[PDB]
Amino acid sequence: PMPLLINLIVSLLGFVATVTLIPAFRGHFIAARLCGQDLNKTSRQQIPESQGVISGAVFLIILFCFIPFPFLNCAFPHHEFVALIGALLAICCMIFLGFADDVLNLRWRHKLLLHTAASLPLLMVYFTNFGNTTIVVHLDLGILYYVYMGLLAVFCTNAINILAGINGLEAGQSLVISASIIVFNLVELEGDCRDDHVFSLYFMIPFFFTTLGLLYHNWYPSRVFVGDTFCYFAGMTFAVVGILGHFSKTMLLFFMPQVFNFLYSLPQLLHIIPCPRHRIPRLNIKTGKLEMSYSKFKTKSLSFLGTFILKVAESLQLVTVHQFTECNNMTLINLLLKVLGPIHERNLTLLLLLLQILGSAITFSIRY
């Protein structure tokens, strides 16, 4: 089709724009103190933080210019245009919130409230355009359905965020997921539901190419860091395409390593097991590779429920406790390291991307 072709053109041009603009603005970011040190590397220099903003900005630009082409000589259909503009509002709000958060370092409560408020537009569009709240069981979920979507949105913004820390991972898994969703959209295009999946494509192709431009700089050695800007941006874009596309189940299935990491980290997130500020592997100076990390805490003080959960985990061979208590920091990165010992940062990132691809293949096998 012409719309998809134009979309691809502007998407490639936007990729070029991102790759070009990142270094042009480096001085700006550095002067603004928007930078962070590579915690998993020996050098202690600063590295541009919240680079996603540039990519994010470009992304918006692209869509802002691409809105008209689907409607060339098309009683105008205000509802599809409403879907587009509302989705763009949600995404823009989320990019803006991520950039703000990185500069300001907001507490978790602030984060969650702003996530919900910025997620409302998705519910607006969904209600006005589609507004179906029934799941096969056939039970009509009602208001709770909206809640679900809401939560889903939040999840997508924060899940990708917590599965981070090693060089190049964030944008990498984001790209794998985006590509899988693109393939799924193209397959289902010939099927019964075609408009939903071409919408998902409209939003996915430019995201894919811009995120690629960002990963170009973010790959090991990381010359830049993407930050909450990008994390929340990608999360919300995925939530949008999945919700308005009516394949949130397939998407969540694409979110397998993310879901597993989130649930695995759930005791720390809820303060059951003490949650350090940074829960990433520790580079061993001698090895030249990433070992696991631990949470050290006074044993007796811990709540009873926490001790019980930790004992269950030790029974299941998930946590390598060294009883003070030194529990193994529970993130997917550290779990891969525990199963396969010390791994180089680049190699570990690559392994994680490959596992994501395997999850996508499993999902495709389930659907088909």
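Residue positions are given as counts along the sequence shown, with the first one as 1.
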Count class of coordinate-free deposited residues lying between the neighbours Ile285 and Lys286: none
Unmodelled deposited residues between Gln323 and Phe324, binned: 4 to 9
Greater mean Cα temperature factor according to the PDB record, 34 to 42 or 300 to 308: 300 to 308
Higher-scoring stretch by recorded Cα B factor average, 328 to 336 or 60 to 68: 328 to 336
Criterion, highest CA B-factor; candidates, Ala159, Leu106, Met124, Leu189: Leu189
Out of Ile143, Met256, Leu244, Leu175, highest CA B-factor residue: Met256
Within-chain third of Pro221 by Cα B-factor, per the entry: highest
Assigned third (lowest, middle, highest) for the C-alpha B factor of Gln268: highest
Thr134 CA temperature factor, ranked by third within the chain: highest
Record-listed C-alpha B factor of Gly227: chain third: lowest
B-factor third for the C-alpha atom of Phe81 within its chain: lowest
